[PDB]
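Heads up: the sequence shown runs through residues 37 to 240, 1241 to 1400, 302 to 375, numbered per PDB author numbering.
Note that the Cβ used here is the ideal one computed from N, Cα and C, for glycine as well.
The structure appears right after this line, and notes come after that.
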Amino acid sequence: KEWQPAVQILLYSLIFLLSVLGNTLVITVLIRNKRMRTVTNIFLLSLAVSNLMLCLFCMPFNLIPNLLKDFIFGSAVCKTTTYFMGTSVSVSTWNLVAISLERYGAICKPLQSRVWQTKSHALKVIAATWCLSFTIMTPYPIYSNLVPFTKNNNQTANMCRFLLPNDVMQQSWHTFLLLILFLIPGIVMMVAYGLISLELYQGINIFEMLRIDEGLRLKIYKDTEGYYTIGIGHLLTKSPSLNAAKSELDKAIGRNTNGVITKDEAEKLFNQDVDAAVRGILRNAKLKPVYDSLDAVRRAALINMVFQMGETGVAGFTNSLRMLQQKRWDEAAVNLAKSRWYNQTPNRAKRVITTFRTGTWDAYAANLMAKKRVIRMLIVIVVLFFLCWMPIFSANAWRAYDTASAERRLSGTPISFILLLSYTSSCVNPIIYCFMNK
Ligand SMILES: O=C(O)Cn1c(C(=O)Nc2nc(-c3ccccc3Cl)cs2)cc2ccccc21
């Protein structure tokens, strides 16, 4: 027709510049701001280098020859742009897989797999991803060649084509590429994001709530009351002596801690603490009638209070425990903010009282909600990456099995736009981070 040539220039140019702009924008802000270089964003940086390689060493060398309807570059350029195109897909695919396993480790087995978060391990897999991508994709420059053909009236021209010795090898390669670039990467991705999405669904528990309430302090310190505490809000002694606290501390674990303590000992102590607080609620015969009456998240709010003030300190709140026992939530929330507890620690108390009033985790779900946003962003990046690349890989496979039916139904504009879908992948992710703001 007569529009295709114009629309192709319109579209391929928009896509080329967007991809060049966005990927280098992303490479810039990442090497600039090293606070931004998490483990996640380090694979995101290696994904962005591929997108750029594909935009610069592949997009022109595949559209210009498609517009000219003639491959006017060298035989070596033909071998090259084929080589970087296969490498790009490979790296991107396995970086997405890297991210999914990294997030899985950080969300589903955080204090069980620390190894996969070390940012030196992040540069180890990335180095392995490029190296092995280049190695596995070496048949492209080996078997890529100019195929001479004659447009009408004997005007001789060439075309860059990838031709392995016979039909069986063609079929075996494209089936192998479908396996190691989409089927296997797709399901490892899917099992990971499914488990990630399982944990993130269950939401916030009492250990999460109490971890936000108090943080982690690895050396002795004081509370708003003035008593010595360690780790995640574990009360050592109320005596003013630091010597009685260094003493009570050393007895919490083992060795002479000399004041500073490991994270795994805080967590070991912090689980015994939550153990202690729930045991108190069920041993105090004034709290337990109220505990029984609350749902899971309001139970956690009661556990939070006994964690902070003790079994005996909290059963003192007889007025408020009546109104909770009687499902009167707004009421008991007014009252709890008139207390010394609220006045001593208002931020923590406002949170706990909201939990009591609403029976939800709204007061504590900020870190969870940011995590959900991130994972939902990765699931969109993956899904559009498959959406963008399956067409061209499915067409090359159909060409390796039935070259007649494949070229007869695609060779004009259908493959011209399928190709364009593929190059559109390299400019998708930078627009996605853009919308991840406002
Ligand atoms: O060959 C053509 O000129 C048009 N074409 C094409 C086509 O453009 N195949 C290409 N595959 C890649 C590629 C894809 C994945 C990894 C590495 C690489 Cl290099 C770059 S270009 C397929 C097809 C099917 C039926 C008819 C015409 C057809």
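- The region 38 to 46 and the region 62 to 74 do not touch, with fewer than three beta-carbon pairs separated by less than 8 Å.
- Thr1391 sits close to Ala1337, with the two beta carbons spaced by under 7 Å.
- In the DSSP assignment, the residues bridged to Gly1267 are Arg1253.
- Straight-line spacing of the CA atoms in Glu1244 and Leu231 works out to 19 Å.
- Along the length of the region 166 to 207, whole beta strand (DSSP E) runs at least 3 residues long occupy 180 to 186 and 192 to 198, reported in chain order.
- For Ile329, the shortest C-beta to heavy atom distance toward ligand 1 is below 6 Å.
- Per DSSP, reduced to three states, the secondary structure at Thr350 is helical.
- Using a C-beta cut-off of 8 Å, the region 1371 to 1387 makes contact with the region 1246 to 1266, since at least three inter-stretch Cβ pairs fall below that distance.
- For the pair of segments examined, the region 51 to 60 was found to touch the region 352 to 370: the number of CB pairs separated by less than 8 Å reaches three.
- The C-beta separation of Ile143 from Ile1242 comes to about 18 Å, leaving the pair out of contact by the 8 Å criterion.
- Taking C-beta atoms as the reference points, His157 and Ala334 fail to come closer than 7 Å.
- Beta-bridge partners of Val1296 (DSSP): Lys1255.
- Exclusion of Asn181 from the 6 Å shell around ligand 1 follows from its C-beta lying no nearer than that to any non-hydrogen atom of the ligand.
- According to the DSSP secondary-structure assignment, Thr211 is paired through a beta bridge with no residue.
- Along the region 80 to 143, the alpha helix (DSSP H) occurs as fully enclosed runs of 4 or more residues at 96 to 103, listed in sequence order.
- With a threshold of 6 Å, the Cβ atom of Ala193 does not count as near ligand 1, since no heavy atom of the ligand is closer than that.
- Relative to ligand 1, even the nearest heavy atom lies 6 Å or more away from the CB of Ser353.
- Residues of the same chain with a CB within less than 7 Å of the CB of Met1359, apart from the 5 flanking positions on each side, are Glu1367, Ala1368 and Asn1371 in chain order.
- Under a 10 Å Cβ-count criterion, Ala1281 is classified as buried, with 16 or more other Cβ atoms of the shown protein chains found around its own Cβ.
- A distance criterion of 6 Å places the beta-carbon of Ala142 beyond contact range of ligand 1, judged by its closest non-hydrogen atom.
- Shown here, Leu1272 sits in a strand according to DSSP, grouped into three states.
- Counting along the chain, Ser1356 sits inside the alpha helix (DSSP H) bounded by residues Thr1354 to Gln1361.
- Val1326 places its beta carbon less than 7 Å from that of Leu1357.
- Cβ-Cβ distances below 8 Å link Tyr1378 to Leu1372, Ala1385, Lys1386 and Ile1389 in the same chain, with the five nearest sequence neighbours on each side left out; the list follows chain order.
- With respect to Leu90, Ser124 sits close: the two C-beta atoms are nearer than 7 Å.
- For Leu315, the enclosing alpha helix (DSSP H) has its first and last residue at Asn304 to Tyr338.
- CA-to-CA, the gap between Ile223 and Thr1298 works out to about 38 Å.
- In summary, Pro328 is buried, with 16 or more beta-carbon neighbours lying within 10 Å of its beta-carbon over all protein chains present.
- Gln238 carries a helical assignment under DSSP once its states are collapsed to helix, strand and coil.
- In this structure, the C-beta of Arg345 stays at least 6 Å away from each heavy atom of ligand 1.
- Taking the Cβ of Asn333 as the reference point, at least one heavy atom of ligand 1 falls within a distance shorter than 6 Å.
- With a cutoff of 7 Å on beta-carbon distance, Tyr119 and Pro201 are scored as not near each other.
- Not one heavy atom of ligand 1 lies closer than 6 Å to the C-beta of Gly222.
- Approximately 5 Å separates the beta-carbon atoms of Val1296 and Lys1255; this is inside 8 Å, confirming the contact.
- Taking a contact as a CB-CB distance under 8 Å, the pair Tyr179 and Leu199 counts as one, their CB atoms being some 6 Å apart.
- Judged by DSSP secondary structure, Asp1328 falls within the alpha helix (DSSP H) whose first and last residues are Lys1324 to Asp1328.
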